[PDB]
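Taken one at a time, structure 1 and structure 2 that follow are two forms of one protein chain, written as structure tokens.
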Structure 1
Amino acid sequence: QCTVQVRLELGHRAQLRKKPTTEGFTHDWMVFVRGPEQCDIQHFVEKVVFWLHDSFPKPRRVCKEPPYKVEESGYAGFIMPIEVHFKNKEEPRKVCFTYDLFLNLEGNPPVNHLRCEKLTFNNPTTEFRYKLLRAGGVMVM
């Protein structure tokens, strides 16, 4: 009997692209998954998959190690599935977030957003519990 809690931060940045009028992409953006400072989520994260809009080349973007990030240019926001796969041998094996990748329209300042997610692992295996604690996970009883 125990629960281990770990924290993820999903986020994105967006700003106007400074390029020729005849390049269609208006924005640079960057989406990520990280841990809090002094935490190392690589201990329990196998990989992160960012599912870009179907219009992008190779829209299924995989980061098997940090940084878990995609940097791109684009002309519109979209809803981005983000799967965080665990180094877990049992359920759950991953978690899927639906990430709102919005751009700064109408000459608004750059976007810099953070979404903080708490994961609660109930009764993890010995092995996976150690990975979570190595990453800076916290136990409860």
Structure 2
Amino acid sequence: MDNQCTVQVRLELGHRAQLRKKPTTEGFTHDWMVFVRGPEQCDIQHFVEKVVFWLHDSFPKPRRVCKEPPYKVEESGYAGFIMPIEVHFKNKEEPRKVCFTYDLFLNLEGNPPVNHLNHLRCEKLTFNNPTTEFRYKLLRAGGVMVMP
């Protein structure tokens, strides 16, 4: 009715990868960066407490935490892998976070390997009847109150 509120916010998850012309002493073959960012004219820091990137167990300190922008991780590696990415919200009630499963891929679907790639994934979050305090952070971050 007139009494309910729905707020929608958008996130982008992305990465780039480049094949090194010289493998490292460990045989790492690629340089890659994974990032989480808001869209044009959006500052996700107002409603995001932190972004956690869960790296594969082979990496040093695999849980990478970003408490302020830019939310990103830079690493050198030899294989693609699935990376949980958790976005923790500045909300005292549920939901406290949202979890994505991101494919950190170093080569495209086509069988031949490539020299470099990048990828962007868009995600829309919807919040129904969020708390007075959380609602403001969502909107202050470039969020959209859904008009009936």
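Only residues modelled in both forms are compared. Residue numbering: structure 1 sequence, from 1. Each form is matched to the other, and the largest set of C-alpha atoms that superpose within 1.5 Å is called the rigid core.
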Relative to the superposed core, which single residue of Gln42, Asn104, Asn88, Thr26 shows a CA shift of 2 Å or more between structures 1 and 2? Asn104
Upon rigid core superposition, what is the positional shift of the Cα of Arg17 between structures 1 and 2, expressed in Å to one decimal? 1.5
Fitting the two forms on their core, which runs of three or more residues have every Cα moved by 2 Å or more between structures 1 and 2? 18-23, 104-111
